[PDB]
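Below is one structure, written out as structure tokens, with a few remarks after it.
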Amino acid sequence: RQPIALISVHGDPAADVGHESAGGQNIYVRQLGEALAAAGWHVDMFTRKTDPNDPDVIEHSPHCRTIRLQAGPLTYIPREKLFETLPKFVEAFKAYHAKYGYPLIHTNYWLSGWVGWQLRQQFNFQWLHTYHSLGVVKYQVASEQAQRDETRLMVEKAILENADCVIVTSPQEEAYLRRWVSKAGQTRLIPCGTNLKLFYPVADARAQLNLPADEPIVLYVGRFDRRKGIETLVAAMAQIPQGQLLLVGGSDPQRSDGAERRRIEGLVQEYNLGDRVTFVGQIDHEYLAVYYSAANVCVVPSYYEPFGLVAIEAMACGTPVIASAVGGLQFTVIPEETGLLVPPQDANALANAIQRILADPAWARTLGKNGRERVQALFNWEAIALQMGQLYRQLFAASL
Ligand SMILES: O=P(O)(O)OC[C@H]1O[C@@](CO)(O[C@H]2O[C@H](CO)[C@@H](O)[C@H](O)[C@H]2O)[C@@H](O)[C@@H]1O
Ligand SMILES: O=c1ccn([C@@H]2O[C@H](COP(=O)(O)OP(=O)(O)O)[C@@H](O)[C@H]2O)c(=O)[nH]1
């Protein structure tokens with residue numbers, strides 16, 4: 027049985043998701059490696075060790091490990107400073123590569139992509155890469171991310187020019203690569219999926235959450251970042267008379283994605299919205315279906331999203347999604363079949379969008395079931411795993 031190295035440096039697949047350096051990349055590599063181990067592969071998922079009180083090896087499912095390498099300091103470092111920790115990481119990979127001799131390495135970030143680019147000069151292997159965010163789309167915002175990183179753009183160009191395969195999660199991602207990065211390189215459209223056994227209409231959700239069933243609810247699920255546009259959602263909540271906003275997401279006050287940019291609470295006291303904005307905190311990923319099902323609308327008010335995964339998590343639970351028209355959100359959300367699409371930084375358009383589907387609840391209840399069908403059709407992980415597996419089989423078929 028052949029081995030597989032999955033490299034996700036700041037994304038620990040053994041980590042609970044919902045805070046800084048957590049989220050969709052973590053969920054992506056975790057369910058990918060666990061699905062591949064279910065289909066006859068040996069999977070080692072490589073991440074960075076951030077605490078000596080953490081385990082070195084985490085065995086999730088049979089023949090599926092998470093391996094925390096000692097890259098740099100054994101503390102938390104945000105990814106914008108992890109580049110200097112990368113060559114040591116390379117060395118800490120090589121010992122494992124000395125034992126197993128990985129024929130196939132699938133790197134999942136810029137930083138881990140640089141690690142795979144260093145390994146590509148020394149060893150012969152099938153190298154695949156998923157970006158999970160392009161810096162060239164990141165560094166175009168009138169808000170934050172004008173302070174660029176040309177090292178990131180150089181490496182994100184050098185990955186696409188040299189990797190054997192590049193997994194794009196949306197046709198917008200390939201369009202952004204071909205317009206803004208390079209024309210060379212091989213690419214493959216395999217979109218992100220969700221577990222329909224973990225996301226489903228619960229139909230008992232407000233009784234579990236102790237919420238009044240005749241009161242409207244607007245739902246945000248995601249991280250705390252200026253990228254996510256919670257400012258615009260809170261400003262649009264002031265144009266709606268009834269209804270609470272449940273902000274679900276974790277944060278750490280010692281950290282930047284946390285009480286340095288959980289200033290939304292200040293915006294809660296700006297707009298006099300303390301009676302009708304609830305900060306839920308971090309909810310477990312296997313329990314979010316109750317929050318998605320209890321709500322009348324999930325909002326993804328981002329300023330860019332390379333395949334917003336809470337959109338398909340919400341549509342899987344039968345809840346319509348109002349989202350920005352920026353990235354993979356306009357690949358997931360059909361603007362009149364499953365939800366609505368608004369411009370990013372205007373609260374008036376977002377507020378009129380919420381007004382349309384709070385005033386017509388049966389229309390929201392059929393937008394939600396259409397989102398359920400669309401997720402069952404195109405974004406079911408139980409089929410996307412088979413597509414990924416056949417991709418690995420044909421790439422491993424590159425033999426003598
Ligand atoms: O915002 P950045 O500094 O560019 O960091 C990228 C940010 O996005 C994460 C969340 O952990 O996930 C990305 O990839 C997943 C799946 O591919 C998407 O669902 C998600 O939309 C996308 O942001 C992660 O890479 C980083 O924190
Ligand atoms: O309390 C939370 C808050 C968020 N998430 C998950 O974190 C993931 C990240 O969502 P997304 O891809 O849309 O944004 P990202 O953070 O990955 O860029 C989603 O599956 C969310 O369900 C979670 O599990 N618990």
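In this text, residue positions in the sequence shown follow the entry's author numbering: the first is 27, and each later residue adds one.
Each residue gets a CB set at the ideal place from its N, CA and C atoms; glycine is no exception.
In whole angstroms, give me the CA-to-CA distance for residue 183 and residue 207.
So the alpha carbons of these two residues sit roughly 6 angstroms apart.
Rounded C-beta distance between residue 200 and residue 332? I'm assuming under 8 angstroms.
Not really, about 11 angstroms apart at Cβ, beyond 8 angstroms.
Which runs of the beta strand (DSSP E) at least 3 residues long sit entirely within the stretch 35-59? Give them in chain order.
Here no run is fully enclosed.
For residue 101, count neighbouring C-beta atoms within 10 Å of its own C-beta (all shown protein chains included) and say buried if the count is 16 or more, exposed if not.
The residue is exposed, with fewer than 16 neighbouring Cβ atoms inside 10 Å.
With residue 387 as the anchor, note down where its alpha helix (DSSP H) starts and where it stops.
Its alpha helix (DSSP H) spans residues 387-404.
Taking 7 angstroms as the threshold (C-beta atoms), are residue 398 and residue 320 in contact?
Result no, Cβ atoms of residue 320 and residue 398 do not sit closer than 7 angstroms.
For residue 291, I'd like the list of residues in its chain whose CB is within less than 8 angstroms of its CB, leaving aside the five on either flank, ordered along the chain.
Once the five neighbours on either side are set aside, the close Cβ partners of residue 291 are 305.
Return the residue from the list 374, 378, 408, 365 that minimises the CA-CA distance to residue 391.
Checked all of 374, 378, 408, 365; the closest Cα to residue 391 is 365.
Have a look at 192, 228, 294 and flag the residue whose alpha-carbon is nearest the alpha-carbon of residue 257.
When only C-alpha atoms are compared, the closest one is 294.
Okay, do the stretch 233-252 and the stretch 142-157 touch, 3+ Cβ pairs below 8 angstroms being the bar?
With a cut-off of 8 angstroms, the stretch 142-157 and the stretch 233-252 do not count as touching, because too few Cβ pairs lie within range.
On a Cα-Cα basis, can you pick out the residue from 134, 121, 99, 117 that is closest to residue 35?
Answer by Cα proximity: 134.
At a cut-off of 6 angstroms, is residue 332 close to ligand 1 when judged by its beta-carbon and the heavy atoms of the ligand?
Yes, since a heavy atom of ligand 1 falls inside the 6 angstroms radius drawn around the Cβ of residue 332.
Specify, as a first and last residue, the run of the beta strand (DSSP E) that residue 148 falls within.
Note, residue 148: premise wrong, no beta strand (DSSP E); not H, not E.
Using beta-carbon positions only, say whether residue 323 and residue 348 come within less than 7 angstroms of one another.
In this structure, residue 348 lies closer than 7 angstroms to residue 323 by Cβ.
From the DSSP output, which residues share a beta bridge with residue 85?
Residue 85 pairs with 91.
Just to confirm the assignment, what range does the beta strand (DSSP E) spanning residue 115 have?
No beta strand (DSSP E) holds residue 115; the alpha helix (DSSP H) holding it covers 112-126.
Taking Cβ to Cβ, would you say residue 275 is nearer than 7 angstroms to residue 302?
Their beta carbons are not under 7 angstroms apart, which means residue 275 does not touch residue 302 by this criterion.
To which residues of the same chain is residue 96 closer than 7 angstroms at the C-beta, ignoring the five residues directly before and after it?
So the list reads 75, 118, once near-sequence residues are dropped.
Below 8 angstroms on the Cβ atoms is my guess for residue 314 versus residue 247; work out the distance and round it to an integer in Å.
With a Cβ gap of about 6 angstroms, residue 314 and residue 247 count as contacting.
Could you pull the DSSP bridge partners for residue 190 from this structure?
Paired residues: none, contrary to the question.
Answer yes or no: the CB of residue 186 versus the heavy atoms of ligand 1, is any distance below 6 angstroms?
No, since every heavy atom of ligand 1 falls outside the 6 angstroms radius drawn around the Cβ of residue 186.
Once DSSP output is grouped into helix, strand and coil, what is the label at residue 270?
In this structure, residue 270 counts as strand in the three-state DSSP scheme.
Determine the closest residue to residue 37 out of 84, 63, 105, with distance taken between C-alpha atoms.
Here the closest residue by C-alpha is 105.
Where do the ends of the beta strand (DSSP E) carrying residue 33 lie?
29-33 is the span of the beta strand (DSSP E), which, as asked, contains residue 33.
Using DSSP's beta-bridge definition, name the partner residues of residue 132.
Paired residue(s): 32, 154.
Residue 15: beta carbon under 6 angstroms from a heavy atom of ligand 1?
The chain is shown only over 27 to 426; residue 15 falls outside these bounds and no answer can be derived.
Pick out whichever of 264, 285, 259 has its Cα sitting closest to the Cα of residue 273.
Comparing Cα positions, the closest option is 259.
Roughly how many angstroms lie between the CA atoms of residue 429 and residue 426, to the nearest whole one?
Look at the range of the chain in this structure, 27 to 426, and you will see that residue 429 is not part of it.
Which residues share a DSSP beta bridge with residue 245?
Answer is 272, 324.
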